[PDB]
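Enquirer: The following block contains the structure, expressed as structure tokens.
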Amino acid sequence: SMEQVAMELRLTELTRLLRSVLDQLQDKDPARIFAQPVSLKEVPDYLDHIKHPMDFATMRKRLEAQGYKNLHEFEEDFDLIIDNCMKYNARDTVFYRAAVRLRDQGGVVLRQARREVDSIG
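Numbering of the sequence shown is given in my numbering, commencing with residue 59 and proceeding in unit increments.
Written out as structure tokens, the structure is:
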């Protein structure tokens, strides 16, 4: 149907805007601490601690499959990256600190992304 196409075009444009958002958030992680999944070879107990692992490569796979239907779903995954790290790692660690800085800096990006998603529809 023509309606299905129009919906598909909206999803494609959302995916475009989320790719730009993703790039901007990932630049706020210059140490690349959140770039890839925590390795279960190197952290064998991880899944005893963290039930829903997340990382920027995993988000990019979902994005490129157009697997984010709305900004809320994308923000959920970003919050998992931060929140998982802040639980697994202690306050005095470079990991925890990196997550705090990513959260604080990402907030600014996400605030305007929400406006753009609402604005463009």
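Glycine residues also receive a C-beta, built at the ideal position from the N, C-alpha and C atoms.
#1: What first and last residue would you give for the alpha helix (DSSP H) that runs through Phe-92?
#2: In angstroms, rounded to a whole number, what distance separates the CA positions of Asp-81 and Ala-157?
#3: Locate the alpha helix (DSSP H) running through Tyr-126, then write down its first and last residues.
#4: Rounded to whole angstroms, what is the Cα-Cα separation between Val-79 and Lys-99?
#5: Looking at the secondary structure, which residues open and close the alpha helix (DSSP H) in which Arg-161 lies?
#6: With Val-63 as the anchor, note down where its alpha helix (DSSP H) starts and where it stops.
#7: Count the CB pairs spanning the segment 89-96 and the segment 113-127 that are closer than 8 Å, and state whether there are at least three.
Expert: Looking at the atomic coordinates:
#1: Where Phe-92 is concerned, there is no enclosing alpha helix (DSSP H), because DSSP gives it neither an H nor an E.
#2: 16 Å
#3: From DSSP, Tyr-126 is part of no alpha helix (DSSP H); its letter is neither H nor E.
#4: 31 Å
#5: 152-178
#6: 60-85
#7: yes
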